[PDB]
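# Tertiary structure, described
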Amino acid sequence: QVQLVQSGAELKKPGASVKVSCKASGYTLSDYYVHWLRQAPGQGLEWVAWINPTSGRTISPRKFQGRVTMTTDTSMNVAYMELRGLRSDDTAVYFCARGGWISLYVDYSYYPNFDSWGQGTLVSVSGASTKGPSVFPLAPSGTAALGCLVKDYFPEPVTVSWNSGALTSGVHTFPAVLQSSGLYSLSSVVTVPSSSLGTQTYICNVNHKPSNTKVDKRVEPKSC
Amino acid sequence: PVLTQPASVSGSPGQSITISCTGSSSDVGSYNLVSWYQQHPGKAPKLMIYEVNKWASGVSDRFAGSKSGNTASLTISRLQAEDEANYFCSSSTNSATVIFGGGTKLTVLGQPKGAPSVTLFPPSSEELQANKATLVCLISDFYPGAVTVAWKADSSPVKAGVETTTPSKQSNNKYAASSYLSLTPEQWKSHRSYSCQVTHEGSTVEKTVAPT
């Protein structure tokens, strides 16, 4: 299908710069405008830019004009956004989205018609240092629920899959808890048939990009 | 500039509801380029209406856009519980930029209450081998999003090392929460049972575990 896949999450200290990539598939990047917007967590949407991949032409509001640099690499079907002078106000989820058809005869650049979005990229700015998570199996309690406990990490988010993406049904990943220590912890359960225990191998694949931590955990029934 | 929407809106199934988006003549008034997006909690926005009154793919006639002067309008008819989401208006400007509204949290009424599903997990052997213990209480599929959690060591309430998330809306318009009782392996073994109790409007549901 038509899909946009953005780069992993990032933790940056204030004053630094971040670079988010948006990788197109199912269509040619240079045929449509690329828009970039962001969303402070729990807040609203904020449009940051549009770019024509063919001409390189960009527009942004006055607020971002000095800080933002939009580019493209059509050879790889990729759009790039660099944000500079990072401040705590900049902590948000960043989306690239596909805009209107690029045409010689009509200008669709500022048309706010985003029919395809990227999954988002959480970039957080803070003085706190990154902490990788500790992952523990949650042994299975005609169905049963087994899971994974992801403990003590910073910043958000972590991504939890199962069987390297092979398992998709019955999976529930719960929102993380912010402990008083300033760290995050979450859990992710799968509800599987009780019969399949002892013969089907269940593995949670946990990924915390800001600390570059990739952990695969085999969850198996208790030692009984 | 910035577009202005009602911060929140409440509707009820069957009857219509209308969100407003008030802009200037230099954006909503000078273009037929108003788009409405719908967003569920964890997901990216989804294009509902574009160019004032045109439907995007996967949108029913229930949604209709309109424009009057400097004010766009998103009308929803035959309300459903799935329509519960945040709605953003957006327009082009004369500066060749795109402007967004603050977003409208719509709330569909007459939603049947739902009992919280509680699943309790004892500390893993591995975590115990890391000289720490954590009980995991997972709550799901409840509504409304108002829940209470009480941890229990044997028969005495616990308030030390609890940490509870605030309820957050799932896909199915229901809520989810989690509590994490953090203790030491010695504390874990110094009791005969631990219990996570969940109060959800009068009714409660609790689960238990035991180190043996």
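### Quick word on the overall build of chain B
Along its length, chain B carries two helices and 18 strands. For a compact globule of 212 residues, the expected C-alpha radius of gyration is about 17 Å, and chain B comes in at 24 Å, more than 25% above that figure. The long-range share in chain B, meaning contacts at least 24 apart out of those at least 6 apart in sequence, stands at 57%.

### Side note on the domain arrangement of chain A
Residues and elements named next belong to chain A. Splitting chain A by domain gives domain 1 (1-127) and domain 2 (128-224). Put simply, the middle of domain 1 and the middle of domain 2, counted by C-alpha atoms, are 30 Å apart. When the two sides are added together, the surface that domain 1 and domain 2 hide from each other amounts to roughly 600 Å², 70% of it contributed by carbon and sulfur. By the criterion of area lost to domain 2, the three top residues of domain 1 are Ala9, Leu11 and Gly127, representing 61% of everything that side buries.

### Here we look at the nonpolar core
Counting 44 residues, the largest nonpolar core has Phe114 of chain A together with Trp36, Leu74, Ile76, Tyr87 and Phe100 of chain B as its most contacted members. Residues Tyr153, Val177, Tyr184 and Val189 of chain A belong to the second largest nonpolar core, which totals 30 residues.

### What to know about the environment of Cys89 of chain B
Residues and elements named next belong to chain B. Turning to its location among the elements, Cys89 is positioned in strand β8 (residues 86-92). Taking relative accessible area as the criterion, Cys89 reaches 0% and is therefore assigned buried. Sequence separation of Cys89 and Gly102 is 13 residues, and the distance between their C-alpha atoms is 8.2 Å. Setting aside its immediate chain neighbours within four residues, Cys89 contacts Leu3, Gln5, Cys21, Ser35, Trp36, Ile99, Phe100 and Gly101.

### Some thoughts on the state of the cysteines
If you walk through the whole model with that rule in mind, you get four disulfides over all chains. With its sulfur 2.0 Å from that of its partner, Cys22 of chain A forms a disulfide with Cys96 of chain A. The chirality of the disulfide connecting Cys22 of chain A with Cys96 of chain A is right-handed, given an S-S dihedral of about 65°. You can see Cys22 of chain A sitting in strand β3 (residues 18-25) and its partner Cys96 of chain A sitting in strand β9 (residues 92-101), a full 74 residues away along the chain. The disulfide partner of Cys21 of chain B is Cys89 of chain B, and the gap between their sulfur atoms is 2.0 Å. The disulfide joining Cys21 of chain B to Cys89 of chain B has a torsion of about 65° about its S-S bond and is therefore right-handed. In this pair, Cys21 of chain B sits in strand β2 (residues 17-22) while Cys89 of chain B sits in strand β8, placing the two residues 68 residues apart along the sequence. The connectivity of the disulfide bonds within chain A can be written as 1-2, 3-4, using the sequence rank of each bonded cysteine.

### Some points on the pairing of strand β4 (residues 46-50) of chain B
Residues and elements named next belong to chain B. Where strand β3 (residues 34-39) and β4 come together, three bridges link them in antiparallel fashion. In the sheet register, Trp36 faces β4, and the bridge partner there is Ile49. Of the strand pairs in this sheet, β4 and strand β5 (residues 54-55) are connected by two bridges, and their pairing is antiparallel. Within β5, the residue paired with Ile49 across the bridge is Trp55. Connecting the antiparallel pair β4 and β5 is a turn made up of three residues, with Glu51 showing a positive phi of about 55°.

Calculation criteria
- Residues numbered from 1 in each chain as written, not as in the entry; some residues may be left out.
- Chains lettered and ligands numbered in written order.
- Heavy atoms only, no water.
- Residues with missing side-chain atoms left out of burial classes, pairs and counts.
- Helix = DSSP H or I, 4+ residues; strand = E, 2+ residues; numbered from the N terminus.
- Rg over C-alpha atoms; globule rule 2.2 N^0.38 Å.
- Contact = heavy atoms within 4.5 Å.
- Domains from an automatic or database assignment.
- Buried area = accessible area lost by both parts, 1.4 Å probe.
- Core = buried A, V, L, I, M, F, W, Y, C linked by side-chain atoms within 4.5 Å.
- Buried < 20%, exposed > 50% of the residue type's maximum accessible area, 1.4 Å probe, protein only.
- Disulfide = S-S within 2.5 Å.
- Pairing = 2+ DSSP bridges.

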